[PDB]
Ligand SMILES: O=C(O)CNC(=O)C(=O)O
Ligand SMILES: [Mg+2]
Ligand code: NI
Ligand SMILES: [Zn+2]
């Protein structure tokens, strides 16, 4: 069995190997990458996502989210308070302001310590989930707006044609902006490219151990757990590495820098934080190996998780028994 300790693997494809996305994902899995839940891909030196980032300031962040925490330093939830619209240029200035800027630090480890110590005492503002792309249309390799669609994958694997579309999302972050513990909708893959700026630290639980994280989360968030049998789908709960280690939960951590891709694998729980002003782009995708995960994915039916139009068909076709209850949650 490849990668039996479920370590995060890092890949350095050549320009020739960067041509065929599906084939490279399958190669990474042949080496056991999926066992970690997360892999890093460093593009060949010949590649670029676009020529410059000098002309992005007029992109609008229509609903910036202020991430307000409740709980204790290592075990907290966050809620998202909607703020007034601002441009990316306005947001970058805000991120660099004395109130919100990254503190002085020695190295990534020192900054990670400061994050876990102090996150709950601040409420950083995240420009998340903005439909759009920063890949140049002429970038032919690993262009996240030109991937094969999940609807086409389901059709190719299972023969059923379904409605829905699959497009990327931009994330503009600042120091302490936070992504809560989650897997993807329908336990899909994700791919995330850090276009610019400061790093993003990731934590991940191997898929084979995801239920260990769920059991801890039910212990640590007991009212949430009573409210919903899949409350990590709400994407609001954080648990620190110190707390995970105290409870024996297997996990790994890695820092993504600008110019690097991360891939999350089906049912790989992940969480993390941004080091300072940055911009990432991400999209979900599928492979043949995903289908069995999609069929088994938990679902939130309490009404909190509210998701895209396109998840309807996935539930309807892969999870027909759950469909009626899940759709009630959506309406
Ligand atoms: O970058 C972020 O805030 C969150 N991204 C992801 O969870 C992802 O790409 O799967
Ligand atoms: Mg612009
Ligand atoms: Ni994710
Ligand atoms: Zn729920």
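Our numbering is plain: 1 for the first residue shown, then up by one each step along the chain.
The deposited model was determined using X-ray crystallography, 1.5 Å.
Even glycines carry a Cβ here, placed using N, Cα and C.
Feature list (source: Swiss-Prot):
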BINDING   126, 192, 200, 235  2-oxoglutarate binding site
BINDING   182, 184, 270  Fe cation binding site
BINDING   228, 234, 300, 302  Zn(2+) binding site
DOMAIN    8-50  domain 'JmjN'
MOD_RES   16  polyADP-ribosyl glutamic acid
MOD_RES   17  polyADP-ribosyl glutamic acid
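Recorded features from Swiss-Prot, shown on the structure.
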residue: 16; record: polyADP-ribosyl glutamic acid; CB count, 10 Å: 8
residue: 126; record: 2-oxoglutarate binding site; CB count, 10 Å: 23
residue: 182; record: Fe cation binding site; CB count, 10 Å: 18
residue: 184; record: Fe cation binding site; CB count, 10 Å: 22
residue: 192; record: 2-oxoglutarate binding site; CB count, 10 Å: 23
residue: 200; record: 2-oxoglutarate binding site; CB count, 10 Å: 25
residue: 228; record: Zn(2+) binding site; CB count, 10 Å: 19
residue: 234; record: Zn(2+) binding site; CB count, 10 Å: 20
residue: 235; record: 2-oxoglutarate binding site; CB count, 10 Å: 17
residue: 270; record: Fe cation binding site; CB count, 10 Å: 22
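Taking Cβ-Cβ distances under 8 Å and a sequence gap of 6 or more within the same chain, the neighbours of residue 17 (polyADP-ribosyl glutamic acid) are 24, 27. Comparing the binding-site residues 300, 302 on other C-beta atoms within 10 angstroms of each C-beta gives the minimum for 302. In this structure the C-alpha atoms belonging to residue 126 (2-oxoglutarate binding site) and residue 234 (Zn(2+) binding site) are separated by 17 Å. The binding-site residues recorded for this entry are 182, 184, 270, 300, 302, and the Cα of 182 lies nearest to that of residue 235 (2-oxoglutarate binding site). With respect to residue 228 (Zn(2+) binding site), the closest of these recorded positions in Cα terms is 182, chosen from 16, 182, 192. DSSP assigns residue 200 (2-oxoglutarate binding site) to a strand. A gap of 17 Å separates the Cα atoms of residue 302 (Zn(2+) binding site) and residue 182 (Fe cation binding site).
Residue 234 (Zn(2+) binding site) sits 40 Å from residue 16 (polyADP-ribosyl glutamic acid), taking the C-alpha atoms as the reference points. Closest by Cα distance to residue 184 (Fe cation binding site), from the recorded positions 16, 200, 300, is 300.
Taking 16, 17, 192, 235, 302 as the candidate recorded positions, the subset whose CB lies under 6 angstroms from any atom of ligand 1 consists of 192. In this structure, 300 are the binding-site residues from 126, 182, 270, 300 whose C-beta falls under 6 Å of some atom of ligand 4. Of all the recorded positions in the list 16, 182, 270, 300, the shortest Cα-Cα distance to residue 192 (2-oxoglutarate binding site) is found for 270. One way to see the shell of the Fe cation site is to take the Cβ centroid of 182, 184, 270; the remaining same-chain residues with a Cβ within 8 Å of it are 179, 181, 183, 190, 264, 268, 269, 271. Counted with DSSP, the domain 'JmjN' (8-50) comes out as 14 helix, 7 strand, 22 coil.
Apart from 228, 234, 300, 302, the residues listed for Zn(2+), the same chain places the Cβ atoms of 227, 229, 230, 231, 233, 301, 303, 304, 305, 329 within 8 Å of the centroid of those Cβ atoms.
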